[PDB]
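Asks: After the structure tokens below, expect a handful of questions from me.
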Amino acid sequence: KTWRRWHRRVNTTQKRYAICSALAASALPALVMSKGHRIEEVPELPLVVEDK
Amino acid sequence: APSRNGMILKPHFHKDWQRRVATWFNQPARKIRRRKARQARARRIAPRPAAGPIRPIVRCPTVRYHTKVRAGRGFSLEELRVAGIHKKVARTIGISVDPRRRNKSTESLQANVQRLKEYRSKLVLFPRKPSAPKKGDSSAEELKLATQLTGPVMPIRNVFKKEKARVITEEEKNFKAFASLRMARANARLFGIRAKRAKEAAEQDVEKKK
Amino acid sequence: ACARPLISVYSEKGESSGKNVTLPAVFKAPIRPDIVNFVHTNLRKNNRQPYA
Amino acid sequence: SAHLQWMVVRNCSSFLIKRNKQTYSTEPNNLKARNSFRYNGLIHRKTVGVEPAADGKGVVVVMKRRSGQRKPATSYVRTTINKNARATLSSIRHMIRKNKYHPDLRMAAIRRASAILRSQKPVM
Amino acid sequence: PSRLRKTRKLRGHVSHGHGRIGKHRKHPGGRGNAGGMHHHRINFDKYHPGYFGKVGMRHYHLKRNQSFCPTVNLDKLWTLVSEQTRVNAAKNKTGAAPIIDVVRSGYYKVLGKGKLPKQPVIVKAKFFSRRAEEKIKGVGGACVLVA
Amino acid sequence: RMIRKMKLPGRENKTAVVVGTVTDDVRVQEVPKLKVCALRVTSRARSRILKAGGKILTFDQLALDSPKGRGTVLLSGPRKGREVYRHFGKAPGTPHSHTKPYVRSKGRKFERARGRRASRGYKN
Amino acid sequence: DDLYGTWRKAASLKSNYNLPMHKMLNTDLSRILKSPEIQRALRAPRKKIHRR
RNA sequence: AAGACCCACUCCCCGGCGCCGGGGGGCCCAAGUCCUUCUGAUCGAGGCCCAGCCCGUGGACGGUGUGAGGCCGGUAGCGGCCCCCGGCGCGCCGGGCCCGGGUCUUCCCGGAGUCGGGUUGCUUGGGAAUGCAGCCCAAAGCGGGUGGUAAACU
RNA sequence: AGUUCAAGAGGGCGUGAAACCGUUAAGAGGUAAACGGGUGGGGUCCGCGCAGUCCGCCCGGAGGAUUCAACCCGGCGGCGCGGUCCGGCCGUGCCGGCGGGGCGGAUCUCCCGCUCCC
RNA sequence: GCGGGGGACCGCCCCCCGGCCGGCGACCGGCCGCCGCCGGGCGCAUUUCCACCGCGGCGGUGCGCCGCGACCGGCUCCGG
RNA sequence: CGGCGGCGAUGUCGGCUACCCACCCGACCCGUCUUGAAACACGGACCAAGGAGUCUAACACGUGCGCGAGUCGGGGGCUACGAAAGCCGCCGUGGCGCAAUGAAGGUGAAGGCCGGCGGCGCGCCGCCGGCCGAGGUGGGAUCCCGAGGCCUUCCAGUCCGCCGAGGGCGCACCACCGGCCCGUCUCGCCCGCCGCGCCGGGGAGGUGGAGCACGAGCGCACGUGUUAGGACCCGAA
RNA sequence: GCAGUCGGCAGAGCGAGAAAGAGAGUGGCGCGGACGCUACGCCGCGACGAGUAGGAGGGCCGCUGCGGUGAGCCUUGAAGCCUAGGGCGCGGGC
Ligand SMILES: [Mg+2]
Ligand SMILES: [Mg+2]
Ligand SMILES: [Mg+2]
Ligand SMILES: [Mg+2]
Ligand SMILES: [Mg+2]
Ligand SMILES: [Mg+2]
Ligand SMILES: [Mg+2]
Ligand SMILES: [Mg+2]
Ligand SMILES: [Mg+2]
Ligand SMILES: [Mg+2]
Ligand SMILES: [Mg+2]
Ligand SMILES: [Mg+2]
Ligand SMILES: [Mg+2]
Ligand SMILES: [Mg+2]
Ligand SMILES: [Mg+2]
Ligand SMILES: [Mg+2]
Ligand SMILES: [Mg+2]
Ligand SMILES: [Mg+2]
Ligand SMILES: [Mg+2]
Ligand SMILES: [Mg+2]
Ligand SMILES: [Mg+2]
Ligand SMILES: [Mg+2]
Ligand SMILES: [Mg+2]
Ligand SMILES: [Mg+2]
Ligand SMILES: [Mg+2]
Ligand SMILES: [Mg+2]
Ligand SMILES: [Mg+2]
Ligand SMILES: [Mg+2]
Ligand SMILES: [Mg+2]
Ligand SMILES: [Mg+2]
Ligand SMILES: [Mg+2]
Ligand SMILES: [Mg+2]
Ligand SMILES: [Mg+2]
Ligand SMILES: [Mg+2]
Ligand SMILES: [Mg+2]
Ligand SMILES: [Mg+2]
Ligand SMILES: [Mg+2]
Ligand SMILES: [Mg+2]
């Protein structure tokens, strides 16, 4: 049927929690290399380029 | 058949409910279409505010909500009469009108009258013929500084009369709230029967002399 | 944690500018891969067009 | 910390191979290529790696530096050793033991130096 | 997840967890709450006492907003106001007691459950409990009826 | 509950340890100095304890402070505090059984007539 | 730092959100275990294999 | 609504007409068939330096002898051009409309075989009858209807 | 014979399974066949088996190598706060204030609008 | 008098400072010292390092296939 | 074993298994209903492909996550994938939770000590003030104190760590005893005033309650169970 | 049971019938040392193992499709299918 529950609501505190945890993990070099991004020559992992 | 300890349930699924099931897969489509209709309306009435006309302050009835004020359908005809606005020009300069609404108290009447006089103070009225201004129309400075207002026009807020800390008096320290409530319920319950008893025992005792 | 270092902000040509932004505290959040995977498995069902 | 990064990557890394009732980690500085907490080459503050040199002769040894942990460009220090086998093992054993530099990886690195050097000596 | 369901482990077993003797038939016992007075009477009396029968007066057109009276206890009475409201009243010496209007915060009646902290207060409510008003008088304070 | 359990005579200068949540209680007017270790502390409870001059520890800090838990009071919340236990017990519908039944709604026509009044057949 | 906040300050661009709290603060289990405080309280290890 | 007393502006719209600044359709718009090599065929594989082949607001897709950002159609772009149909402004001719608010005084005002009642039948959560309909009775005007328990008084 | 890379793709033609059938090869055959356990025999292929293992240290033998240790220069890295070397940065640290600001508060108190009053 | 503006207070946060204290092992520099490594010199062969040889010894692992013996130890069944 | 032997390149070595054959022992054909099937019980000639506990809603309990006396934006609104995600707080309306009980009118969750005064005859039977204050008993994981003691020539002599007779505070929880709230019953004396009434409030003792007695809920996800739905699939007259 | 891989910052203990400290102070040459530890791991002892209906656990058993990942495989040959070939796993299967 079409009226299978396709959609799942997540609590807002948990959605912000997961954004916080994923951001926090995107600053540790082991976890992003274990994700497989080739970063073995980037000069700093929270890689902030200036606003130009 | 029921198992052990559990709730007795009455699901209302004994009809042919699956023909009349209303899925909401067009929910963001309805939201996105309602949004575009809202911006099309706001673009069409270009200096007039987007939400609509000004709505009065009404007290909700029916004791759960009677501390809360909210926006009513329209300003009533006596509110427009005290504000000195014609009931047919009100809807042309953007005032909601409710002919059906009575007033029962002075204060809500006066609050919505002051709302009308606070709104006509903010009303920037464009001249009807664009190259010729007229008598009551707004001046060319507020015409050039006219903007389209978003949200409700002067939105309605609950104001709370905050009370400072007072020294408690002996009269309030001697007032018995629970006793006064119980006696109030008793007097309201027994007003008619005590009046009947007093009238009967007053009129029937005149048989002693008549 | 509570120690927040000084991230260097980089430029167009990739060398380090003199600018420095102290690290945001969201990068010191608890990294919770079970919660991230829960949020992912429930939010990723929300774009699903129905089939029947 | 390292134990936290391990509890993240112990089953969900891209270097994880789980085939034929075995488990391997294809990480660059993983001596023994073993998915372990001890032999993981990414999660530690101090790591040793051993791999063949850029040219086909010699063994390059990799040491992780203390300061720039979040800075992968200047993080690893590479040293090519092109000596005889005994001298190369003496150099690696002195780099690990005399520095006290992550000392449980001493003969994993020594045996990896021996394996790369044997692989560099040609077959008849 | 259908892959964590019991039906995946039941592939290969003949009766699918419902027995060979007494099978999975259609509705063995009636539909819904059938036989609640006849053959499910033991369950209905053992777990739902009072299900059958008719008690009390009818009230034909009940308006639930009419009997609306959300209550508050005296242990949460100072949670309606801010903390500086309590500590300024604690430190001052004029006896200037703060007012708590519980209608303002959203309650109509004050019942008195907890102990009330030793400082004066003026409490406004539509109704009061007897124990609530006597505890406010005991701590020193006033009960003010509002409508 | 944690206030009164550390209030007992002989439990001064000593750490409250719970392996659950320290939640706030708003029917509390004065919060004395508490040294607490817990898994989670709710945000207002942290504000109240830290404004009271107390310390909030986590279990890794507890392990470094007292490795054997000396100077500790282990505490628990009410394990029958959940509303399921009011439904648990003797079956409601047996004599002297003060067990809450499962009702869709509560009211005068919801499970009040037959087995619950002497007038409507019988009372247990 | 204004979208998600620090721990001392809430989120300026959210209604009521603060950074989530760490269930343990020092996650360096090796640094915890070989620190002297625990090691003085440990008993002697039994490292000897008593086979059949 | 009309009369009297005051206050107060002469601009709304129709029929024609010309002039000024969204929609359909059509035609188009970046860059490799470079050098080797595999093949039945390459769109595969390697290379293109000191511009790290070229374009990239285009690396969606389809077709082309496997597999294509660059072969082709397309894609992207507040990109172009030509028609068409509007909508939107100003201007002219003819015609229409020659209009209001306040104060006081004097007048006027309402829908019937309908409401309502009884009964019958259906319907409703509507329970001494929620609604509808048939039949019978059958209105009033400081009246009528409603005010979720039938009825009388207020 | 020819086309095609391929007819081992030939106009119900990609792949072309199993049931079933034909033929070739091999083995067998009176308790219907078939099966489990245990061996044996023969085949098919496999081990590219068929004089059989290297590894580390030491001794000896001749051989080769501009080669070891130690000292000089330079670079890199690791490690007593080098008790109390110099300087920074950070603190889910605190105290101080002739401080300079944002936010919030059911904490208190000079101007404007508005409503009666001559 | 109402509503609003102004001010004070309080709390928290941010930024200047003045001072302790902690960390730099989720977060450093400079010199000094000790060490290790790399490169380049000097060193020059009773040292070092390569590759071969002996049916060499030492220690580990296995013998290509088919076998046999010896003693040790465990469990058993007997016998003198 | 610091003991040995034999055989080897075109006919031999090994290959437990894998194809065929031989032999001894075992061995009745599966599925199903049934007390009992190899059954003279039924279905099944063979092969391929399809083919049966699902989804929605509700409830219960368990478990996981987030926040927590709260929680939740699901409906609305603002700003290719994206119909997603982010935000709103003067969008928490509202749901469930924080309070129950009674048919209902309704009511609605501790008290003691001290100073003053046979009214009666609260020595007893209220209000003026102050103080202390949310119960107890038994068991109870943990934790606290410590008579003494844990040797290296021997007397001291200190600090740290460990052990410990005994004594404690006692988590959660259980059992019991008191206490408090609503219904109802019995007994009995008072207290109040804007109206002193067919008024209002109180006490003691039992007793009915799905209560209180210093919270534990809400949302989401998973799993089982019971249902309403075609409801595991096929089947009527 | 094992975080004790506690190494020229060394000293390599903790199976042993008998509560506890291989405690600390002060007076009377040659640069060496197996393995380990996916802590959801590894190791050690002891006892046990029938199973219909039924329940639970583990599946590096299998199919399809999606989200990540393998600088994966592939016209120097993918899927599929056949096989007296080699094997692995208790088995599903590979
Ligand atoms: Mg059952
Ligand atoms: Mg609108
Ligand atoms: Mg079974
Ligand atoms: Mg069956
Ligand atoms: Mg079952
Ligand atoms: Mg059954
Ligand atoms: Mg039966
Ligand atoms: Mg069923
Ligand atoms: Mg019967
Ligand atoms: Mg190419
Ligand atoms: Mg293409
Ligand atoms: Mg193509
Ligand atoms: Mg290309
Ligand atoms: Mg092109
Ligand atoms: Mg093009
Ligand atoms: Mg285009
Ligand atoms: Mg009906
Ligand atoms: Mg009436
Ligand atoms: Mg009535
Ligand atoms: Mg072919
Ligand atoms: Mg073909
Ligand atoms: Mg074919
Ligand atoms: Mg033959
Ligand atoms: Mg036989
Ligand atoms: Mg059968
Ligand atoms: Mg039978
Ligand atoms: Mg059978
Ligand atoms: Mg027979
Ligand atoms: Mg049959
Ligand atoms: Mg048959
Ligand atoms: Mg099939
Ligand atoms: Mg639950
Ligand atoms: Mg879409
Ligand atoms: Mg159940
Ligand atoms: Mg069916
Ligand atoms: Mg079903
Ligand atoms: Mg049918
Ligand atoms: Mg078994």
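In order, the residues displayed for chain D correspond to 2-125 in Swiss-Prot numbering, which applies throughout.
Heads up, the Cβ atoms here are built off N, Cα and C, so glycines get one too.
Quick paste of what Swiss-Prot says about this protein:
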MOD_RES   D:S2  N-acetylserine
CROSSLNK  D:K58  SUMO2 cross-link
CROSSLNK  D:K65  SUMO2 cross-link
MOD_RES   D:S115  phosphoserine
Asks: Compute the C-alpha separation of D:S115 (phosphoserine) from D:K58 (SUMO2 cross-link), stating it in Å without decimals.
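Replies: Computed Cα spacing between D:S115 (phosphoserine) and D:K58 (SUMO2 cross-link) is 13 Å.
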Asks: Provide the number of Cβ atoms within 10 Å of the Cβ of D:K58 (SUMO2 cross-link), excluding the reference atom itself.
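Replies: Its Cβ shell of radius 10 Å holds 12 other Cβ atoms.
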Asks: Name the residues of the same chain, 6+ apart in sequence, whose Cβ is under 8 Å from the Cβ of D:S2 (N-acetylserine)?
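Replies: For D:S2 (N-acetylserine), no residue qualifies.
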Asks: Could you state the CA-to-CA distance between D:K65 (SUMO2 cross-link) and D:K58 (SUMO2 cross-link) to the nearest Å?
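Replies: Approximately 23 Å lies between the Cα of D:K65 (SUMO2 cross-link) and that of D:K58 (SUMO2 cross-link).
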Asks: Would you say which of the recorded positions D:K65, D:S115 has the most Cβ atoms within 10 Å of its own Cβ?
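Replies: It comes out as D:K65.
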Asks: Need the DSSP three-state call for D:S115 (phosphoserine) to compare against my parser.
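Replies: Reduced to three states, the DSSP call for D:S115 (phosphoserine) is helix.
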